[PDB]
Amino acid sequence: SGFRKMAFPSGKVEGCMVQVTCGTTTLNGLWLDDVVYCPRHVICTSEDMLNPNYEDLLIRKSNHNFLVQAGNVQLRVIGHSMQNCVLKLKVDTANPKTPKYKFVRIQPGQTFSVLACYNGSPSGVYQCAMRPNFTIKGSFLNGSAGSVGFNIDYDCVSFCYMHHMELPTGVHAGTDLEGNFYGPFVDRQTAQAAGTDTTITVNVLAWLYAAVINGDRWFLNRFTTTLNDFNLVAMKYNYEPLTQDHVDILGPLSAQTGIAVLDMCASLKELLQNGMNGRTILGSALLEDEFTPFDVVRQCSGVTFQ
Amino acid sequence: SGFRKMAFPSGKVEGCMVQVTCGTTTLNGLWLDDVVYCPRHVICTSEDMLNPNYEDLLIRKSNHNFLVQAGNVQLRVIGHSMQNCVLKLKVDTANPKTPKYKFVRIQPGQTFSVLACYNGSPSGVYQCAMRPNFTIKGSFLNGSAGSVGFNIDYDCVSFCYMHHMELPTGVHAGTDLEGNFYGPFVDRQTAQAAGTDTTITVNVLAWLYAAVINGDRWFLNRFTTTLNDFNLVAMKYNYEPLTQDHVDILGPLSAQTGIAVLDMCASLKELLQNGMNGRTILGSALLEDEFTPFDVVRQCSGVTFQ
Amino acid sequence: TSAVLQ
């Protein structure tokens with residue numbers, strides 16, 4: 001029993017964090033094989049962020065200007081490049097601690113663990129979800145750029161996020177491992193705005209499944225609501241609508257508990273309309289939408305990673 | 001910006017995880033140097049857990065009966081002794097991955113990371129605090145006994161907890177890395193009862209400072225209090241008495257924000273007597289006590305204007 | 001208040 005917000009084992013990823021410096025401005029990078037990925041905004045100084053042009057700044061700079069460090073042992077940059085917002089450095093040695101890896105772009109409502117780094121050294125790890133507005137509610141201070149968001153499937157680490165910038169509302173923004181930002185954001189210190197976020201309904205239902213598995217059942221009403229009928233009520237409360245694919249995603253969770261997916265939506269509907277009534281679900285008095293049905297299974301089935 | 005719970009990077013700990021199987025029982029063991037420490041009840045079955053004489057049970061078991069797995073290669077048990085509630089297994093091989101480590105015994109209120117494990121492999125990592133009743137609100141399933149709780153201060157791993165059992169309420173009981181349990185619990189099939197929990201006042205005041213530092217300032221009032229006046233109120237809402245040492249620790253956050261510890265205490269007296277009037281703090285609708293001032297300081301880069 | 005490059 002017990003249900004926590006869990007981060008993935010950060011072992012394999014810690015082994016890829018390198019420190020990329022450039023005289024005044026330093027940040028973190030990922031060292032997989034003989035490639036070093038680090039946000040392109042490292043080729044800047046305190047004045048270049050105000051209004052940048054990475055297109056030509058990369059051109060006027062070369063291999064020697066980069067200062068890579070694997071803790072203490074500096075690395076030789078033998079090739080520069082710019083795939084969108086990330087900088088592809090080339091090193092004279094493949095990372096001996098490189099895990100089996102994938103590069104994956106995720107959808108909103110999907111989760112990953114973030115290994116927070118400063119000067120190529122990991123300081124902490126936490127579970128995050130791509131909000132439906134493509135921002136993350138992260139915990140990053142200046143110098144946390146480079147820090148990755150990943151997921152572990154079997155023995156293979158799947159990289160999904162690179163930290164680039166913060167927004168004025170305290171929330172965070174970054175690109176995939178190819179440099180394509182998540183959302184309509186650019187890597188500049190310009191007027192940027194997160195926009196209306198919604199609640200990840202598929203993750204809220206999956207969260208209540210973990211509460212049913214862990215004993216909390218008071219909210220389990222014996223009524224039903226059609227899929228569209230639920231989407232009628234849910235949308236009033238700023239909750240992402242439920243697709244039929246979402247129902248298929250909750251299928252295994254439903255089968256493993258006995259409670260139907262359509263029944264669970266009716267238990268959620270009255271939960272939203274009437275409120276908590278003092279009581280808490282899983283120790284919280286708010287609905288947690290940061291648990292995909294997969295994170296619910298991996299926690300409540302002792303799913304380990306090699 | 002941002003304020004979130006973070007486990008330490010579990011890297012170092014993952015390199016110390018081995019699976020200890022005796023008879024039908026399998027749990028986890030920490031592999032430090034040529035000793036593998038694991039909970040002592042791995043040598044018992046259900047009928048043995050009823051009223052055990054561990055001294056005899058260990059007599060009936062030999063080195064050959066302890067199948068210690070370190071992934072591919074199985075390690076060789078070459079001697080075994082029992083220290084309090086832990087079994088220490090001597091192995092023919094020093095752990096090449098043994099980090100610079102320590103066996104600390106934390107106090108109620110102190111926080112640590114848990115590398116949850118099954119069969120010597122990690123499932124996930126999460127922060128959890130030592131409750132005042134000596135339990136920990138963790139996420140544990142069968143086979144999780146042997147997993148460890150730790151802290152990391154520059155290359156040194158301070159081990160404070162080894163997982164043992166789950167109590168009726170869902171909370172968890174365990175021991176320091178020397179075998180001595182946290183609290184009045186014992187590894188026996190007696191009817192143990194988890195004591196009545198109390199709130200960690202100093203960690204709620206620290207979380208209130210963290211919230212001030214992230215914009216949240218609605219709960220602030222034009223009022224202040226005295227220490228024992230606050231402790232009189234604390235008693236009613238089952239809050240742990242705030243001691244002068246706690247006031248000392250809060251100083252840093254109190255200076256960063258110009259809000260006196262007692263000026264802040266008076267806002268908590270008000271939150272407890274008036275309710276949060278349907279408003280969240282740092283995205284939570286309840287008072288969080290699992291965030292120490294040390295965690296907040298580690299995540300807030302504000303300035304004291306002096 | 002503009003965005004912040006970390």
# chains A, B, ... in the order shown; residues from 1 in each chain; ligands from 1
>>> interface_residues(of="chain A", to="chain C", cutoff="10 Å", atoms="only C-alpha atoms", output="PyMOL selection string")
chain A and resi 26-27+39+41-42+49-50+140-146+163-170+172-173+185-193
>>> write_last_selection(atoms="N, CA, C and O atoms", output="short mmCIF file (atom, residue, chain, number, x, y, z; two decimals), in the first residue's frame")
data_model
loop_
_atom_site.label_atom_id
_atom_site.label_comp_id
_atom_site.auth_asym_id
_atom_site.auth_seq_id
_atom_site.Cartn_x
_atom_site.Cartn_y
_atom_site.Cartn_z
N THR A 26 27.57 29.68 -18.48
CA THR A 26 27.73 28.23 -18.32
C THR A 26 26.36 27.59 -18.05
O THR A 26 25.53 28.17 -17.35
N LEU A 27 26.13 26.39 -18.59
CA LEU A 27 24.91 25.60 -18.36
C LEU A 27 25.21 24.07 -18.48
O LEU A 27 26.38 23.69 -18.53
N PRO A 39 21.34 23.45 -24.52
CA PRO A 39 20.59 24.57 -25.13
C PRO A 39 21.48 25.58 -25.83
O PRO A 39 22.56 25.90 -25.33
N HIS A 41 21.37 28.65 -26.24
CA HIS A 41 21.54 29.94 -25.56
C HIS A 41 22.80 30.02 -24.68
O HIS A 41 22.97 31.00 -23.96
N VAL A 42 23.70 29.04 -24.78
CA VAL A 42 24.97 29.10 -24.08
C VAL A 42 25.94 30.04 -24.82
O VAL A 42 26.80 30.65 -24.17
N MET A 49 20.63 37.88 -24.43
CA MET A 49 19.31 37.26 -24.23
C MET A 49 18.16 38.21 -24.56
O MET A 49 17.10 37.77 -25.01
N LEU A 50 18.40 39.53 -24.34
CA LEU A 50 17.47 40.65 -24.56
C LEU A 50 16.87 40.55 -25.97
O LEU A 50 15.65 40.56 -26.14
N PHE A 140 13.07 25.21 -11.04
CA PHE A 140 14.38 25.51 -11.60
C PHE A 140 14.91 26.90 -11.28
O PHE A 140 14.22 27.88 -11.47
N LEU A 141 16.17 26.98 -10.87
CA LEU A 141 16.83 28.25 -10.61
C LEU A 141 17.74 28.58 -11.80
O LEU A 141 17.85 27.77 -12.72
N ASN A 142 18.37 29.79 -11.83
CA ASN A 142 19.24 30.15 -12.96
C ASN A 142 20.43 29.23 -13.00
O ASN A 142 21.00 28.93 -11.95
N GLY A 143 20.72 28.72 -14.19
CA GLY A 143 21.78 27.73 -14.37
C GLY A 143 21.26 26.30 -14.43
O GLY A 143 22.05 25.35 -14.46
N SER A 144 19.94 26.13 -14.46
CA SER A 144 19.33 24.81 -14.56
C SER A 144 19.06 24.39 -16.01
O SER A 144 18.47 23.33 -16.23
N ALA A 145 19.45 25.22 -17.01
CA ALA A 145 19.23 24.87 -18.41
C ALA A 145 20.10 23.68 -18.76
O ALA A 145 21.19 23.55 -18.22
N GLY A 146 19.62 22.82 -19.63
CA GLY A 146 20.36 21.62 -19.99
C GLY A 146 19.71 20.40 -19.37
O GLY A 146 19.48 19.40 -20.06
N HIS A 163 15.61 21.55 -20.52
CA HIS A 163 15.18 22.81 -19.93
C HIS A 163 15.86 23.98 -20.54
O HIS A 163 17.08 24.04 -20.52
N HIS A 164 15.09 24.93 -21.08
CA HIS A 164 15.68 26.12 -21.69
C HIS A 164 15.35 27.42 -20.96
O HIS A 164 16.26 28.16 -20.64
N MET A 165 14.05 27.72 -20.73
CA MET A 165 13.67 29.01 -20.16
C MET A 165 12.50 29.00 -19.20
O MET A 165 11.69 28.08 -19.19
N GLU A 166 12.41 30.06 -18.40
CA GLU A 166 11.32 30.26 -17.48
C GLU A 166 10.36 31.32 -18.04
O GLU A 166 10.75 32.18 -18.84
N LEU A 167 9.10 31.25 -17.64
CA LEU A 167 8.10 32.22 -18.04
C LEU A 167 7.88 33.25 -16.90
O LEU A 167 8.37 33.05 -15.77
N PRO A 168 7.18 34.37 -17.17
CA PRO A 168 6.93 35.35 -16.09
C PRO A 168 6.03 34.82 -14.96
O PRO A 168 6.07 35.36 -13.86
N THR A 169 5.23 33.77 -15.22
CA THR A 169 4.31 33.25 -14.22
C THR A 169 4.94 32.16 -13.30
O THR A 169 4.22 31.44 -12.61
N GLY A 170 6.26 32.05 -13.30
CA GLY A 170 6.96 31.06 -12.47
C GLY A 170 7.07 29.68 -13.10
O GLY A 170 7.87 28.87 -12.63
N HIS A 172 7.65 26.80 -16.34
CA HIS A 172 8.82 26.55 -17.20
C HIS A 172 8.50 26.11 -18.63
O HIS A 172 7.37 25.67 -18.92
N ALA A 173 9.49 26.29 -19.52
CA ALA A 173 9.37 25.99 -20.95
C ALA A 173 10.68 25.50 -21.58
O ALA A 173 11.75 26.05 -21.32
N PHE A 185 6.51 28.90 -28.01
CA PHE A 185 7.53 29.71 -27.38
C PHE A 185 8.81 29.68 -28.17
O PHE A 185 9.08 28.73 -28.90
N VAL A 186 9.61 30.73 -28.04
CA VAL A 186 10.91 30.85 -28.69
C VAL A 186 11.96 31.05 -27.57
O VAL A 186 11.60 31.52 -26.49
N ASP A 187 13.24 30.74 -27.82
CA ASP A 187 14.26 30.88 -26.78
C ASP A 187 14.81 32.30 -26.68
O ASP A 187 16.00 32.53 -26.88
N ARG A 188 13.93 33.26 -26.32
CA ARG A 188 14.30 34.67 -26.18
C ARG A 188 13.69 35.29 -24.90
O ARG A 188 12.66 34.82 -24.41
N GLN A 189 14.32 36.36 -24.36
CA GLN A 189 13.79 37.10 -23.21
C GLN A 189 12.81 38.18 -23.71
O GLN A 189 13.01 39.37 -23.48
N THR A 190 11.76 37.73 -24.41
CA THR A 190 10.70 38.58 -24.95
C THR A 190 9.41 38.41 -24.11
O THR A 190 9.36 37.58 -23.20
N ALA A 191 8.37 39.23 -24.39
CA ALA A 191 7.10 39.13 -23.70
C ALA A 191 6.45 37.79 -24.09
O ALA A 191 5.99 37.64 -25.23
N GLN A 192 6.47 36.79 -23.19
CA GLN A 192 5.89 35.48 -23.48
C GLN A 192 4.84 35.08 -22.44
O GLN A 192 4.96 35.45 -21.28
N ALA A 193 3.76 34.39 -22.88
CA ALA A 193 2.66 34.06 -21.96
C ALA A 193 2.17 32.65 -22.09
O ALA A 193 1.84 32.20 -23.19
#
>>> select_by_dssp(residues="range 20-232 of chain B", states="helix (DSSP H, G or I)", output="ChimeraX atom specification")
/B:40-43,46-49,54-59,63-65,201-212,227-232
>>> interface_residues(of="chain B", to="chain A", cutoff="6 Å", atoms="only C-alpha atoms", output="list in words")
residues 1, 2, 3, 4, 6, 7, 8, 9, 10, 11, 121, 122, 123, 124, 125, 126, 138, 139, 140, 141 and 170 of chain B
>>> atom_distance(atom1="CA of residue 52 in chain A", atom2="CA of residue 84 in chain A")
13.8 Å
>>> residues_around(residues="residue 176 in chain B", least_positions_apart="2", cutoff="7 Å", atoms="only C-alpha atoms", output="list in words")
residues 105, 160, 161, 162, 178, 179, 180, 181 and 182 of chain B
>>> select_by_dssp(residues="range 75-282 of chain B", states="strand (DSSP E)", output="PyMOL selection string")
chain B and resi 77-83+86-91+100-103+111-118+121-129+148-153+156-166+172-175
>>> calpha_fit_and_write(fixed="chain A", moving="chain B", output="short mmCIF file (atom, residue, chain, number, x, y, z; two decimals) with C-alpha atoms, in the first residue's frame")
data_model
loop_
_atom_site.label_atom_id
_atom_site.label_comp_id
_atom_site.auth_asym_id
_atom_site.auth_seq_id
_atom_site.Cartn_x
_atom_site.Cartn_y
_atom_site.Cartn_z
CA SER B 1 0.98 -0.82 -0.37
CA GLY B 2 1.60 3.00 -0.63
CA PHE B 3 1.29 5.34 -3.64
CA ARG B 4 3.97 8.08 -4.25
CA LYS B 5 5.56 10.07 -7.13
CA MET B 6 8.86 8.54 -8.24
CA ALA B 7 11.63 9.68 -10.50
CA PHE B 8 13.44 6.95 -12.44
CA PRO B 9 16.90 6.12 -10.91
CA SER B 10 18.93 9.03 -12.34
CA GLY B 11 22.19 6.97 -12.46
CA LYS B 12 22.58 6.65 -16.23
CA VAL B 13 21.77 10.36 -16.77
CA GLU B 14 24.31 11.60 -14.19
CA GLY B 15 26.98 9.79 -16.21
CA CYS B 16 26.05 12.02 -19.19
CA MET B 17 26.33 15.38 -17.50
CA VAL B 18 28.94 17.95 -18.47
CA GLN B 19 29.06 21.76 -17.93
CA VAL B 20 29.15 24.01 -21.06
CA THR B 21 30.58 27.50 -20.56
CA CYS B 22 30.70 29.98 -23.40
CA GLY B 23 31.89 33.56 -22.67
CA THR B 24 30.30 34.54 -19.35
CA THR B 25 27.34 32.09 -19.74
CA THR B 26 27.45 28.61 -18.10
CA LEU B 27 24.75 25.97 -18.55
CA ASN B 28 24.63 22.11 -18.73
CA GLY B 29 25.08 19.76 -21.68
CA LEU B 30 24.26 16.11 -22.30
CA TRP B 31 27.35 14.08 -23.32
CA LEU B 32 26.35 11.27 -25.65
CA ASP B 33 29.15 9.60 -27.59
CA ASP B 34 31.35 12.41 -29.16
CA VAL B 35 28.56 15.06 -29.19
CA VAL B 36 27.53 17.38 -26.31
CA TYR B 37 24.03 18.78 -26.80
CA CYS B 38 23.11 21.97 -24.86
CA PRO B 39 20.65 24.91 -25.23
CA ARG B 40 21.76 27.28 -27.96
CA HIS B 41 21.48 30.47 -25.85
CA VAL B 42 24.69 29.69 -23.91
CA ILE B 43 26.43 31.80 -26.70
CA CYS B 44 24.44 34.95 -25.70
CA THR B 45 24.53 37.57 -22.94
CA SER B 46 21.48 39.68 -21.76
CA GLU B 47 21.75 42.32 -24.57
CA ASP B 48 22.03 39.50 -27.17
CA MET B 49 18.86 37.70 -25.87
CA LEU B 50 16.78 40.80 -26.83
CA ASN B 51 16.46 40.21 -30.66
CA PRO B 52 18.99 37.54 -31.67
CA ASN B 53 20.19 36.20 -35.02
CA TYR B 54 21.57 32.89 -33.69
CA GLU B 55 23.08 32.17 -37.10
CA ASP B 56 25.35 35.24 -36.74
CA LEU B 57 26.05 34.69 -33.02
CA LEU B 58 27.29 31.17 -33.68
CA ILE B 59 29.50 32.60 -36.54
CA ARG B 60 31.14 34.97 -34.02
CA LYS B 61 31.94 31.95 -31.71
CA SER B 62 34.59 29.22 -32.26
CA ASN B 63 35.38 25.69 -30.80
CA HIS B 64 38.00 27.34 -28.55
CA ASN B 65 35.25 29.60 -27.09
CA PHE B 66 33.31 26.55 -25.74
CA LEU B 67 34.92 25.43 -22.43
CA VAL B 68 33.31 21.97 -21.91
CA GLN B 69 34.01 20.57 -18.45
CA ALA B 70 33.58 16.92 -17.53
CA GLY B 71 34.55 17.24 -13.89
CA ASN B 72 38.36 17.00 -13.60
CA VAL B 73 39.37 16.92 -17.32
CA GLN B 74 38.11 19.55 -19.76
CA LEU B 75 36.88 18.00 -23.06
CA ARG B 76 38.01 19.31 -26.52
CA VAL B 77 35.47 20.94 -28.86
CA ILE B 78 36.45 19.92 -32.40
CA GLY B 79 33.45 21.36 -34.32
CA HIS B 80 30.03 22.93 -33.66
CA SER B 81 26.65 23.07 -35.37
CA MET B 82 23.16 24.29 -34.38
CA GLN B 83 19.99 22.22 -34.72
CA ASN B 84 16.86 24.30 -34.04
CA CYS B 85 17.17 25.61 -30.43
CA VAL B 86 20.07 23.28 -29.44
CA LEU B 87 23.81 23.54 -29.93
CA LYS B 88 25.58 20.31 -30.77
CA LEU B 89 29.26 20.37 -29.80
CA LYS B 90 31.58 17.78 -31.36
CA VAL B 91 34.18 16.60 -28.82
CA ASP B 92 37.44 14.64 -29.24
CA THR B 93 36.23 11.95 -26.80
CA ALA B 94 33.49 9.36 -26.86
CA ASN B 95 31.56 9.15 -23.55
CA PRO B 96 32.53 5.86 -21.93
CA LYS B 97 29.30 6.08 -19.86
CA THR B 98 26.91 6.60 -22.83
CA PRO B 99 23.86 4.45 -22.12
CA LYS B 100 21.65 2.80 -24.80
CA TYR B 101 19.55 5.93 -25.57
CA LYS B 102 16.73 7.57 -27.62
CA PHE B 103 15.34 10.99 -28.52
CA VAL B 104 11.61 10.74 -28.04
CA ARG B 105 9.16 13.69 -28.16
CA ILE B 106 6.44 13.09 -25.51
CA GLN B 107 2.86 14.43 -25.72
CA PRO B 108 0.91 16.72 -23.27
CA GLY B 109 -0.22 14.48 -20.40
CA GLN B 110 2.90 12.27 -20.53
CA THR B 111 5.22 12.27 -17.47
CA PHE B 112 9.05 12.13 -17.13
CA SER B 113 11.91 12.59 -14.61
CA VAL B 114 14.02 15.72 -14.41
CA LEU B 115 17.60 15.56 -13.33
CA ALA B 116 17.96 19.16 -12.24
CA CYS B 117 21.56 20.36 -12.79
CA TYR B 118 23.91 23.20 -12.13
CA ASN B 119 27.42 23.33 -13.58
CA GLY B 120 27.30 19.76 -14.88
CA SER B 121 26.62 18.33 -11.41
CA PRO B 122 23.16 17.13 -10.29
CA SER B 123 21.14 18.91 -7.57
CA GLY B 124 18.13 16.55 -7.39
CA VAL B 125 15.68 14.42 -9.32
CA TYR B 126 11.86 14.78 -9.56
CA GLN B 127 8.87 13.70 -11.66
CA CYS B 128 6.93 16.33 -13.61
CA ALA B 129 4.38 16.13 -16.44
CA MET B 130 4.03 17.92 -19.77
CA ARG B 131 1.06 20.25 -19.11
CA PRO B 132 -1.64 20.65 -21.82
CA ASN B 133 -0.50 24.29 -22.24
CA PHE B 134 3.07 22.94 -23.08
CA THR B 135 4.72 24.10 -19.86
CA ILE B 136 6.09 21.85 -17.04
CA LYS B 137 5.65 22.73 -13.33
CA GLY B 138 9.34 22.24 -12.33
CA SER B 139 11.87 23.45 -9.78
CA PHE B 140 14.51 25.41 -11.65
CA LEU B 141 17.04 28.17 -10.84
CA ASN B 142 19.55 30.07 -13.08
CA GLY B 143 22.13 27.70 -14.50
CA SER B 144 19.51 24.88 -14.70
CA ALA B 145 19.21 25.30 -18.54
CA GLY B 146 20.64 22.12 -20.10
CA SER B 147 19.18 19.70 -17.50
CA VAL B 148 17.21 16.84 -19.06
CA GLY B 149 13.89 15.05 -18.68
CA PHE B 150 13.88 11.33 -19.41
CA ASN B 151 12.12 7.92 -19.02
CA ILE B 152 13.74 4.44 -18.67
CA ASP B 153 12.54 1.15 -20.23
CA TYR B 154 15.12 -1.63 -19.55
CA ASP B 155 18.67 -0.12 -20.13
CA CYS B 156 17.25 2.33 -22.76
CA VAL B 157 17.02 6.00 -21.82
CA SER B 158 14.33 7.90 -23.64
CA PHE B 159 15.22 11.61 -23.57
CA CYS B 160 12.27 13.90 -24.09
CA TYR B 161 13.13 17.30 -22.64
CA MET B 162 15.98 19.80 -22.28
CA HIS B 163 15.44 22.72 -19.94
CA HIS B 164 15.56 26.25 -21.37
CA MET B 165 13.81 29.13 -19.57
CA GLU B 166 11.17 30.03 -16.94
CA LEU B 167 7.95 31.80 -17.86
CA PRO B 168 6.46 34.76 -15.84
CA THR B 169 4.08 32.44 -13.88
CA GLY B 170 6.96 30.24 -12.59
CA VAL B 171 6.29 27.35 -15.01
CA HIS B 172 9.03 26.08 -17.39
CA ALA B 173 9.46 25.98 -21.19
CA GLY B 174 11.90 23.68 -22.96
CA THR B 175 12.63 21.64 -26.08
CA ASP B 176 12.73 17.98 -27.28
CA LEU B 177 16.30 16.58 -27.59
CA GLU B 178 16.20 17.72 -31.29
CA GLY B 179 15.87 21.46 -30.59
CA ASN B 180 12.18 21.93 -31.35
CA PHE B 181 10.43 23.65 -28.40
CA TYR B 182 7.35 22.28 -26.65
CA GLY B 183 4.68 24.73 -27.68
CA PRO B 184 4.60 28.19 -29.18
CA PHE B 185 7.59 29.55 -27.11
CA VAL B 186 10.94 30.78 -28.45
CA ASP B 187 14.36 31.43 -26.90
CA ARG B 188 14.04 35.25 -27.20
CA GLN B 189 13.43 38.15 -24.77
CA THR B 190 9.92 38.60 -26.23
CA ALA B 191 6.94 38.80 -23.87
CA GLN B 192 5.79 35.18 -24.02
CA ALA B 193 2.70 34.18 -22.08
CA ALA B 194 2.00 30.75 -20.52
CA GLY B 195 -1.35 29.54 -21.92
CA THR B 196 -4.33 28.78 -19.67
CA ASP B 197 -3.79 25.40 -18.05
CA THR B 198 -6.28 22.51 -18.08
CA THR B 199 -6.48 19.32 -15.97
CA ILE B 200 -5.32 15.93 -17.19
CA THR B 201 -8.59 14.02 -16.79
CA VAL B 202 -7.16 10.53 -17.70
CA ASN B 203 -4.45 10.97 -14.99
CA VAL B 204 -7.04 12.03 -12.40
CA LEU B 205 -9.16 8.91 -13.21
CA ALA B 206 -5.95 6.80 -12.90
CA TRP B 207 -5.17 8.47 -9.53
CA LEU B 208 -8.79 7.68 -8.52
CA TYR B 209 -8.18 4.02 -9.36
CA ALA B 210 -4.90 4.08 -7.39
CA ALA B 211 -6.85 5.49 -4.40
CA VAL B 212 -9.51 2.73 -4.69
CA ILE B 213 -6.59 0.21 -4.52
CA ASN B 214 -5.33 1.93 -1.31
CA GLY B 215 -8.62 1.80 0.62
CA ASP B 216 -10.05 5.28 -0.31
CA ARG B 217 -13.64 4.57 -1.44
CA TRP B 218 -15.76 7.53 -0.06
CA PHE B 219 -15.97 9.30 -3.41
CA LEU B 220 -17.49 6.19 -5.06
CA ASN B 221 -21.17 6.51 -5.99
CA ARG B 222 -24.16 4.39 -7.05
CA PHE B 223 -24.18 6.14 -10.44
CA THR B 224 -22.71 5.93 -13.98
CA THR B 225 -22.51 8.17 -17.11
CA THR B 226 -22.01 8.29 -20.97
CA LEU B 227 -18.75 9.54 -22.58
CA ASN B 228 -20.01 12.80 -24.09
CA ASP B 229 -22.10 13.59 -20.96
CA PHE B 230 -18.86 13.43 -18.96
CA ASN B 231 -16.97 15.53 -21.57
CA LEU B 232 -19.72 18.22 -21.38
CA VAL B 233 -19.07 18.58 -17.60
CA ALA B 234 -15.24 18.33 -18.15
CA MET B 235 -15.47 21.50 -20.29
CA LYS B 236 -16.87 23.56 -17.35
CA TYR B 237 -14.16 22.70 -14.79
CA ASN B 238 -11.45 23.20 -17.49
CA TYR B 239 -10.74 19.42 -17.65
CA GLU B 240 -9.26 17.95 -20.78
CA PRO B 241 -11.72 15.89 -22.87
CA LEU B 242 -11.48 12.16 -22.17
CA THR B 243 -10.96 10.31 -25.46
CA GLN B 244 -11.72 6.71 -26.35
CA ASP B 245 -7.98 5.87 -26.34
CA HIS B 246 -7.83 7.09 -22.70
CA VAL B 247 -10.73 4.63 -21.93
CA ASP B 248 -8.65 1.84 -23.50
CA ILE B 249 -5.58 2.70 -21.24
CA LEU B 250 -7.81 2.79 -18.14
CA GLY B 251 -9.15 -0.76 -18.83
CA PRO B 252 -6.44 -2.53 -16.80
CA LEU B 253 -7.22 -0.49 -13.59
CA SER B 254 -10.98 -0.70 -14.32
CA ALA B 255 -10.71 -4.55 -14.44
CA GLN B 256 -8.48 -4.81 -11.35
CA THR B 257 -11.20 -3.03 -9.33
CA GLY B 258 -14.47 -3.97 -11.09
CA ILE B 259 -15.30 -0.24 -11.35
CA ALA B 260 -16.19 0.66 -14.95
CA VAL B 261 -14.31 3.62 -16.50
CA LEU B 262 -17.67 5.42 -16.86
CA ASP B 263 -18.82 4.32 -13.35
CA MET B 264 -15.56 5.99 -12.13
CA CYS B 265 -16.08 9.04 -14.51
CA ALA B 266 -19.43 9.63 -12.77
CA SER B 267 -17.67 9.88 -9.33
CA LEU B 268 -15.30 12.53 -10.82
CA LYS B 269 -18.35 14.39 -12.26
CA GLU B 270 -19.65 14.37 -8.63
CA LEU B 271 -16.32 15.42 -7.03
CA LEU B 272 -16.21 18.39 -9.49
CA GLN B 273 -19.84 19.40 -8.81
CA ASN B 274 -19.89 18.87 -5.02
CA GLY B 275 -16.38 19.42 -3.72
CA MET B 276 -14.42 16.90 -1.66
CA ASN B 277 -16.50 17.75 1.50
CA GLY B 278 -13.25 18.32 3.45
CA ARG B 279 -11.74 14.88 2.70
CA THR B 280 -8.44 13.80 1.19
CA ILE B 281 -7.67 11.10 -1.34
CA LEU B 282 -4.25 9.37 -1.06
CA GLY B 283 -3.22 12.17 1.33
CA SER B 284 -4.00 15.02 -1.10
CA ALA B 285 -6.84 17.59 -0.76
CA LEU B 286 -6.79 18.48 -4.50
CA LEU B 287 -7.21 16.39 -7.67
CA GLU B 288 -3.83 15.12 -8.91
CA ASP B 289 -3.26 14.98 -12.65
CA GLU B 290 0.49 14.21 -12.79
CA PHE B 291 0.12 10.39 -12.24
CA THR B 292 -0.43 8.41 -15.43
CA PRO B 293 -2.21 4.97 -15.50
CA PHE B 294 1.25 3.59 -16.35
CA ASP B 295 2.63 4.99 -13.03
CA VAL B 296 -0.32 3.50 -11.10
CA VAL B 297 -0.10 0.06 -12.80
CA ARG B 298 3.68 0.14 -11.92
CA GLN B 299 2.74 0.63 -8.24
CA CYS B 300 -0.41 -1.52 -7.75
CA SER B 301 -0.23 -5.36 -7.46
CA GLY B 302 -3.93 -6.16 -7.19
CA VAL B 303 -5.85 -8.96 -8.91
CA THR B 304 -8.72 -9.25 -11.41
CA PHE B 305 -10.94 -12.09 -10.13
CA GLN B 306 -12.37 -13.02 -13.63
#
